[PDB]
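Below: one structure, written as structure tokens.
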Amino acid sequence: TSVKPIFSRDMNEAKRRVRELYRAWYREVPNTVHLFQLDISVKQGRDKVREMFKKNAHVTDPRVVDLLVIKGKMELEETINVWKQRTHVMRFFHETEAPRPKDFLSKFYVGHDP
Amino acid sequence: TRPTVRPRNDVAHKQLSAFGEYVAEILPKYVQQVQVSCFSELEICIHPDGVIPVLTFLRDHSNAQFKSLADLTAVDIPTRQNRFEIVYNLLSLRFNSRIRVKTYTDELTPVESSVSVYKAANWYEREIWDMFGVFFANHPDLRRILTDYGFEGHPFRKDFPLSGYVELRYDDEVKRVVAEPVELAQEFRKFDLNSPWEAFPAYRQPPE
Amino acid sequence: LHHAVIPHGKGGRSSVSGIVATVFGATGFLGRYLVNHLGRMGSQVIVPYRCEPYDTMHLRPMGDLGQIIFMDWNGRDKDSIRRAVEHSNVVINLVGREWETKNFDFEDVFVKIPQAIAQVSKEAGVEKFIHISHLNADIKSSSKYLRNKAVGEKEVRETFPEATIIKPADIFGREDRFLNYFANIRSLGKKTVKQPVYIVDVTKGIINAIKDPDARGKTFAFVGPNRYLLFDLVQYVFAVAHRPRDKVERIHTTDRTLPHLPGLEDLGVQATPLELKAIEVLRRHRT
Amino acid sequence: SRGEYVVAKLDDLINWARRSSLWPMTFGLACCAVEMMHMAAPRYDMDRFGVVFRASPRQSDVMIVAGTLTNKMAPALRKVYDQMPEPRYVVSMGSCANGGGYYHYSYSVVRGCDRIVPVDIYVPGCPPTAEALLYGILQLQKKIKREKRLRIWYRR
Amino acid sequence: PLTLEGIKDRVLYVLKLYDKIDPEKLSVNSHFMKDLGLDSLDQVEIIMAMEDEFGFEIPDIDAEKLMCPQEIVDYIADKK
Amino acid sequence: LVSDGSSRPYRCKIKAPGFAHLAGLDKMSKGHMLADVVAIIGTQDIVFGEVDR
Amino acid sequence: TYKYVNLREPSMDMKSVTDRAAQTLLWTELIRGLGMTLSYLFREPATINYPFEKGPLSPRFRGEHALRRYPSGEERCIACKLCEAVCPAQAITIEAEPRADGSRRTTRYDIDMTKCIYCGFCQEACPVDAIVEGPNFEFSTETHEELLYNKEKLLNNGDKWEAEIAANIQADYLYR
Ligand SMILES: NC(=O)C1=CN([C@@H]2O[C@H](COP(=O)(O)OP(=O)(O)OC[C@H]3O[C@@H](n4cnc5c(N)ncnc54)[C@H](OP(=O)(O)O)[C@@H]3O)[C@@H](O)[C@H]2O)C=CC1
Ligand code: SF4
Ligand code: SF4
Ligand code: SF4
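Rendered as structure tokens:
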């Protein structure tokens, strides 16, 4: 079984590149929220960024981690330019409900969603 | 058999057969299939390591010039472990012939980014990266072109369905356009047209 | 009840939701946001207008294909109103110009309009009728506005008694009146304590109360989260906006809470503060 | 009632003044733009109706949304729609634009331009023939003939 | 005016200025990662926060090797 | 064309001359000005539908 | 075979070079262009007065989506679903039932005017020529509700005229 990985040797370089990518996203947020004339506090945006990071913490396969790093770098480039507009940046957020909780009885009233 | 059925030339078939046998003999390191169809268009099926050496051979050598570069696509075939098929298409300015360099590849391991010898392959490789996710190491710029920026999913796969997962609408709540999970107005009905009864007896695969 | 009034599946974009709402008004501010949130819910809205169809045209594509429907009404005849409320699940009453006209006073819109529509409604058999009112509209002085609204409050309370009489405080938003007058200044300085409530929590409360039964009969009042001085709020407006008689009396008149009637907490909706949405809406200053 | 008489006559004059020229902007994404340029052709005129084809968005009376609206297109389309004077009218031309059309079941495509801007005049077709589009602009003019704005303002 | 103790005091009040740390609880052997219940996410937050505070860029491997308040102070005392 | 033994094509793809002509725009317009760039967009025939594939 | 261009030189003879200098300093072929454009000015322009003169067409235009019916007879459609099987945007919607008589018929025959690309495949696919692409192209509809045809709208639209449709088919039932 021969598999050629992207960048990784163990998850140490994975941790290193993802913490540098998070540093880049931290210094990416205030410039963009000032540039696009947005309407959201910096605390909420940074907490949703780190929540999106903490969503996919369950991955140990290093090639998948490399491909996540490359995707995040792509969208950090495309938001550090002015290539993406106000619509996509708000589309990362969810301010328009979408109210659906995970209760059993709530899904039993508005039914057929098991 | 002669009226309204297109006749062929066995001469071009013999020429392409001898030429493909020649190329298969003189680059043994990566040749796996050299197949010739009925209407004489050559196909060469290649391991994903000899991309740069085989294309540097096939651009030159004064026996197969083939300067003209065309399509690149990686036809999404499941029931395989190497799913995607990178299809180079080459046309000879000097000899008027078409060869299809089909190299095989999997989901995550890169083939070696043919833009080094083919200046037409740049946006082709960027398109394949955007629509599939076939990574291209040693490439100048990989971006998303022919998709939306905030959209992801690599949609020309078979795992991506017909309708997108997201769907835009304007709303006056936040005074802008937002994306929502898809709410179709109709079904996109699915006609089970795959009729039985074996319309081609020659292409029967051996069953188990 | 018949089918195609029961809810169906998820929400949004012609998913058949519960209520069929006849709305009076909806060309103004709060009714437009209310039609917006019912279109997000996916509810059929029957709205009559009286004006040019261009206004209902630029608020037309809020719904999905053919969900909301447009017709005509007038402030004189019961026939057109009754034809508009022939078949309705719920009905809401929102109307009122904040200055007297040639043909209408503060009297007889707030008085005469809920009389005829409540007459044809109670003869029609509608349910969950929601009537808006301004907060602290009394029999007391200083406003033909507030006293005619108090007369209309007594009318809607007396005839058809199980109406949700609802009242917010003076709401602010994208097309506010009093924050616009704060922008359209010059000046004068007085004192009044005041709580502002943002518009989307109000209309979320209205749609939740109209879609949630057993919460009927009780009048409701919406509360601003800050409740401080008007002049400090004017200083806040000029600070965030970078630059240094009926409406001004009706904002200096009265702003209090009432411990009698229940508000936000019996509905379960988060309150958005003044500061966040005010920073969101205070655009259009110098650069 | 000469007050009402002056109101009706002045409303007729101002609305005829509106519907007289009506210079549009040609937004024109796909091949419906080619058919609009073919009703710009010397056979089917636009000079006769005071209709001047003009790329200026700042002075656009009506706007002919034609072509195929996409998700990448839509915020830029409504930004074009915003910097526009408030007396404005919309002609949705093309099966693609007035309800999704041949690309209705797809991704990246808004299901018709109803979900972005309001639509006064739908004109279907693929392409809507230049003759038929010119008929649609005539029925737009008759909609302008029935608007009663000054009547509503006087008896308001 | 650039000693070890002034740098430690300014590191001390910016550790006070960070929000999620509860309480500060400074020590030369603190190890705020596991003894105080913090994440490596919060580790790289604090590291590039010090970078945002008072100077040099602090690259990735040296950002990994700290994990500790006084070791940060000594690494700055090495680098500055 | 890529065809399964079928009445449905498995994968079609289109080589577009508009896409191929738009591909070299930097090297065609490295040394000119913006009206000349509009003339460059003109002098290679464009439809912007076929460039999409 | 090839016939290429731009292979010459500016002639070094005195007459040709002073003619190029005369065009340079005397603005000649610009005025020649003015003369050609004034020659098109003095033509009569080819316009049509639109509401009175309608532009010419063919007997095989594809317009209205009308229906036909039998001579003093019932509805021509059988609901054999060929048009919905071929409809390349699936705008046809057929739900069929038989009536109390016994001949098979419909319940719901809907054309979406939004999705209709106007191919002609439902005309060519109809075995009894029930649906016919109509002659007139004036829809111009102010509301999006009104652009979704019902079967009764199609029957009224096929009973507002057949004589046009019958004349076009009776002229050109021999090509197709
Ligand atoms: N801070 C605030 O503004 C608060 C307001 N309210 C109440 O909320 C309601 C809505 O407020 P708002 O949107 O700002 O004001 P609007 O004037 O815009 O809303 C009233 C609506 O009814 C219509 N209407 C009013 N009078 C007549 C009439 N005589 N004949 C026909 N139609 C009439 C209006 O115009 P059109 O005819 O063109 O449709 C509009 O559609 C009002 O009743 C107000 O008292 C309550 C609490 C706080
Ligand atoms: S409706 Fe037809 S002509 Fe118009 S943009 Fe769509 S495909 Fe082109
Ligand atoms: S093909 Fe003709 S007969 Fe058959 S269902 Fe369609 S319209 Fe009716
Ligand atoms: S012409 Fe219209 S109804 Fe007929 S097959 Fe084509 S899209 Fe369907």
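These protein sequences, in sequence, are chains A6, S3, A9, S7, AA, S2 and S8.
According to PDB author numbering, the first sequence is numbered sequentially starting from 14.
According to PDB author numbering, the second sequence is numbered sequentially starting from 7.
Positions 1 to 186, 195 to 252, 281 to 323 (PDB author numbering) are the ones given, in order, by the third sequence.
According to PDB author numbering, the fourth sequence is numbered sequentially starting from 24.
According to PDB author numbering, the fifth sequence is numbered sequentially starting from 5.
According to PDB author numbering, the sixth sequence is numbered sequentially starting from 378.
According to PDB author numbering, the seventh sequence is numbered sequentially starting from 1.
Every residue gets a Cβ at the ideal spot worked out from N, C-alpha and C, and that includes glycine.
Taking a cut-off of 6 Å from the heavy atoms of ligand 3, the residues with a C-beta inside it are 77 (chain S8), 78 (chain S8), 79 (chain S8), 80 (chain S8), 81 (chain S8), 82 (chain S8), 83 (chain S8), 94 (chain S8), 125 (chain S8), 126 (chain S8), 128 (chain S8), 130 (chain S8) and 131 (chain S8). The way I'd put it, the region 130-146 of chain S3 does touch the region 97-116 of chain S3; three or more beta-carbon pairs between them come closer than 8 Å.
Closest in alpha carbon position to residue 151 (chain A9), among 80 (chain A9), 16 (chain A9), 108 (chain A9) and 12 (chain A9), is 108 (chain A9). Residue range 55-68 is occupied by the alpha helix (DSSP H) that includes residue 65 (chain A6). At a cut-off of 7 Å, the C-beta of residue 53 (chain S7) has a neighbouring C-beta in chain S2. For residue 59 (chain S3), the enclosing alpha helix (DSSP H) stretches over residues 57-64. In this structure the region 34-43 of chain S3 lies against the region 54-65 of chain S3, because at least three pairs of beta carbons, one per stretch, are closer than 8 Å. Not one heavy atom of ligand 1 falls within 6 Å of the beta-carbon of residue 239 (chain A9). Linking residue 95 (chain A9) to residue 94 (chain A6) through their CA atoms gives a straight-line distance of about 47 Å.
The alpha-carbon separation between residue 212 (chain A9) and residue 78 (chain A6) amounts to approximately 41 Å. Under the 8 Å Cβ criterion, the region 230-239 of chain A9 counts as touching the region 162-174 of chain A9, having at least three qualifying pairs. Distances from the CB of residue 117 (chain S7) to the heavy atoms of ligand 2 include at least one below 6 Å.
Between residue 124 (chain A9) and residue 85 (chain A9) a beta carbon distance of about 5 Å is seen, short of the 8 Å cut, so the two are scored as contacting. By the C-beta density criterion, residue 36 (chain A9) is buried, having at least 16 other C-beta atoms within 10 angstroms.
Against residue 48 (chain AA), the close residues of chain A6 are 32, 35 and 36, in the order they occur along the chain (beta-carbon pairs closer than 7 Å). Counting the other Cβ atoms within 10 Å of the Cβ of residue 115 (chain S8) gives 16 or more, which makes it buried.
Residue 42 (chain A9) places its beta carbon less than 7 Å from that of residue 11 (chain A9). None of the residues of the region 25-43 of chain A9 has a beta carbon lying less than 7 Å from any beta carbon of chain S7.
In the three-state reduction of the DSSP assignment, residue 109 (chain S8) falls in the strand class. Using a Cβ-Cβ cut-off of 7 Å, residue 395 (chain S2) does not count as an interface residue toward chain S7, since no Cβ of chain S7 sits closer than that to its own. Relative to residue 180 (chain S3), the option among 124 (chain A6), 126 (chain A6) and 106 (chain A6) whose CA is nearest is 106 (chain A6). The C-beta of residue 22 (chain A6) comes no closer than 7 Å to any C-beta of chain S3. Straight across, the Cα-Cα distance linking residue 184 (chain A9) with residue 129 (chain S3) is about 54 Å. Counting every other CB atom within 10 Å of its CB across the protein chains shown gives residue 52 (chain AA) a total of 16 or more, marking it as buried. For residue 206 (chain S3), at least one C-beta of chain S2 is nearer than 7 Å to its own C-beta. In this structure, residue 51 (chain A6) and residue 102 (chain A6) form a Cβ contact; the two beta carbons are roughly 7 Å apart against a cut-off of 8 Å.
At a cut-off of 6 Å, the beta-carbon of residue 85 (chain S8) does not count as near ligand 4: no heavy atom of the ligand is closer than that. Judged by the Cβ position, residue 117 (chain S8) qualifies as a neighbour of ligand 4 at the 6 Å threshold, a heavy atom of the ligand being closer than this. In the DSSP assignment, residue 41 (chain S3) falls outside any alpha helix (DSSP H) and within the unbroken beta strand (DSSP E) covering 37-42. Where residue 75 (chain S3) is concerned, there is no enclosing alpha helix (DSSP H), although the beta strand (DSSP E) around it starts and stops at 74-76. The nearest non-hydrogen atom of ligand 2 is less than 6 Å from the C-beta of residue 55 (chain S7).
In the displayed model, residue 141 (chain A9) falls within coil according to three-state DSSP, outside both helix and strand. In the structure shown, residue 122 (chain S3) adopts helical secondary structure according to DSSP, grouped into three states. Residue 132 (chain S8) sits close to residue 165 (chain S8), with the two beta carbons spaced by under 7 Å.
Using a CB distance below 8 Å, the part of the region 162-175 of chain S7 facing chain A9 consists of 170, 171, 172 and 175, ordered along the chain. Interface annotation, residue 84 (chain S7): not in contact with chain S8, CB-CB separation never under 7 Å.
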